[PDB]
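Take a look at this single chain, the form deposited in one PDB entry, given in structure tokens.
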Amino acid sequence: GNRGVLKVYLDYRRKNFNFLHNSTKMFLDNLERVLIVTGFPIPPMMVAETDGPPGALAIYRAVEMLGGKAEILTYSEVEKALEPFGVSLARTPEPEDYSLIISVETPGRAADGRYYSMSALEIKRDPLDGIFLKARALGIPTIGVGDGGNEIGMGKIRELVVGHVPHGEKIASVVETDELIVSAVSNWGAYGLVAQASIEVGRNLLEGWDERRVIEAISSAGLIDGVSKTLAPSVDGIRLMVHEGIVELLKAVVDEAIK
């Protein structure tokens, strides 16, 4: 129940009614070698959180089911966490190397060049948005998912963030992405991408996704809850039940269309 981002969605979707469909389409048309990027350090521990990795993983799993290849660029602690899922890690990634670069909950620099958390605490850690500024310049397909306004891709709608989101002027990221997905919780944004791509392809790419398994797993591995900054199996302060609810609802929707 976060009011600012809810208002940014109404504004955004209102003028870009088809962002999810356009996003899903760019995705489906550039599967050859997809670089997926996640990991949001949380001040002051600067430890990544549970929002982002789950979604990146679902996209990765989906990219492979479709026949493409995916690698993940993220932080150390997330690699450990995502380790049980046998995910290919990116090694000295170069934009030129991919056909598409996605971002699920990743700090995007602000207008002042620095990085900030929803609480405007500066993030001090090596950035991961650079490759996006480069991807953009080269014209490589780029997609970004966020739920607050300080994530890579949110630069596409800074006016909206600055207007409805607390600390906006300072927090808002200037990094833009070709397509942008905004959702209450980024993971859910990635799941939407997968559900939309499922309807488009006629296969439910989300069938089998175990929300609970993944949250608990990565929470044990060390990834924290962004709001409680604790080690609870939750993402952005919402507990597993609601999250499973949304994933099960997305699955239902995918089927309804496919079948």
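The term rigid core refers to the most C-alpha atoms you can superpose between the two forms while keeping them within 1.5 Å. Start at 1 and count along the sequence shown; that's the residue number.
The form deposited in another entry exists for this protein as well; it is not shown, and the discussion that follows is about that form.
Here the rigid core is superposed between this form and the one not shown, and of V201, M26, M46, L231 the C-alpha of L231 is the only one to shift by 2 Å or more. In a rigid-core overlay of the protein, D11 has its C-alpha displaced by at least 2 Å between this form and the one not shown. Relative to the shown form, the Cα atoms of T230 and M241 move together by 3 Å or more in that other deposited form.
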